[PDB]
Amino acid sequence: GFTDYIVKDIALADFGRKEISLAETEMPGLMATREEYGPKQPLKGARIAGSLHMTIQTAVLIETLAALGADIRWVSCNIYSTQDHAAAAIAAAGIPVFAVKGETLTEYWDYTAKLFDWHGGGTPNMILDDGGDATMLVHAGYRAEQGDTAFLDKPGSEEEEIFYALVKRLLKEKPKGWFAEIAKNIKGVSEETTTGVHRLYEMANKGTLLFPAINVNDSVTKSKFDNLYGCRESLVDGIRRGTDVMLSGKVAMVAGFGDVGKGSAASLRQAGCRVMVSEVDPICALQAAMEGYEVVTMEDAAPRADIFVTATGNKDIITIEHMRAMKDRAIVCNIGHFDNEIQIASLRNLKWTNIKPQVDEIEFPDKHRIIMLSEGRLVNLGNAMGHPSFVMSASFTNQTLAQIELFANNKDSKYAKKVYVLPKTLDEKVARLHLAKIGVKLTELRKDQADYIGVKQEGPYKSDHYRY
């Protein structure tokens, strides 16, 4: 009689469980974290609201949190990233989850709000976020509840107008003071991705951040593994499953050469494309040139490339003018967190023909066409299966450790309403937990060698400013 969930089809649970079992073998850091902290139950009493792509990998994270004692409600943080068999397995485990691949924007936001109506009464006391949407709902509602309401009628994108409408509906329907009630009860947020962390630092800079936050993205074992190697593996996976094109012989353009753009350019080069890159940061541009990529503007690339990928975390990267100039049936996609890297909204008066889920052909007046993937939302998660389990084990061990820090290890107020990163000893621990699986044999410093370079034999091995 468990009914507190919304998924595509609960009957997919058995398939979901099979793939979760397979992913466990590929996620030694999460499984070792269960073994270590299971007995101590550090998350007992935690009520974690999670907003994070409802994939097989996330399901292993969710069950790890639950094995550590947490009570949980979950949604995806993108309308196309859910893996419905993973969602069904979580629902079948009796954990409230509201996540469907292909849900509407209105559904997406209504589901986010359902995180905060805790089963049995009350609110969450922890947030685990990827992209900042659950955090944003709490802050925007609190802003309005304190009487600052005009921003809710500011012009916006289609999704923004839906978000403001949600906040108005909740102010109208929930008891007065609901958002302050939520904000009081949240002990911390851990945030996974570059875009969400930027939103966190903006709030802290403005003094509006309502609770302590750990920036998980900037663990070394997250940013230089998930953002880099994860996209190296999953960008071309998304493009292949969407289009099945031959990548050898093609030219690809990647906007951005931060961690995701580095991984994305490598994904395409390794798969056979000749890759060009755009950048605004002269250091990252020089890195791209030293790695052998031609560094060009998007105006230069638009008539040249076969495949375009936005990897910036910024907005208005590929415009209608660029797409007007592209060759017929050029492929366009986005691997940054949000769908305003490409001017999708400007395309909505053109003729769209759906090819299959997450693949559309868009026809201009002059009859040239472009192939758009996942309507401009995250292509690796929308057209394929996101990053593979092993690299998500590193990200999600960080997440689990950050939840433990904020929920369990803040009894001396070592985390204020500010943004923190995990300490390097824990970053190093995350890496250590993954070495045996992939056959690494680590050397140990002898004492005199440790002394010679000024480190402890057990680490940490690098200064605070080391960049790896």
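Start at 1 with the first residue shown and count on from there. If you superpose the two forms and keep the largest set of C-alpha atoms that fall within 1.5 Å, you have the rigid core.
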| item | value |
| --- | --- |
| Between stretches 337 to 345 and 97 to 105, more displaced by Cα RMS in 4 other deposited structures of this protein (rigid core superposition) | 337 to 345 |
| Between 143 to 151 and 121 to 129, larger RMS Cα displacement in 4 other deposited structures of this protein after core fit | 143 to 151 |
| Higher-scoring stretch by recorded Cα B factor average, 374 to 382 or 195 to 203 | 195 to 203 |
| Which of 393 to 401 and 250 to 258 has higher mean CA B factor, as the PDB entry lists it | 393 to 401 |
| Most elevated Cα B-factor in the entry, residues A91, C231, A305, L210 | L210 |
| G263, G292, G242, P155, ranked by C-alpha B-factor: the highest one | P155 |
| Relative C-alpha B-factor of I453, binned into the chain's lowest, middle or highest third | middle |
| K441 - which third its CA temperature factor falls in, relative to the rest of the chain | lowest |
| Third assignment of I10 from its chain's C-alpha B-factors | highest |
| Chain thirds of CA B-factor: placement of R269 | lowest |
| Assigned third (lowest, middle, highest) for the C-alpha B factor of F163 | highest |
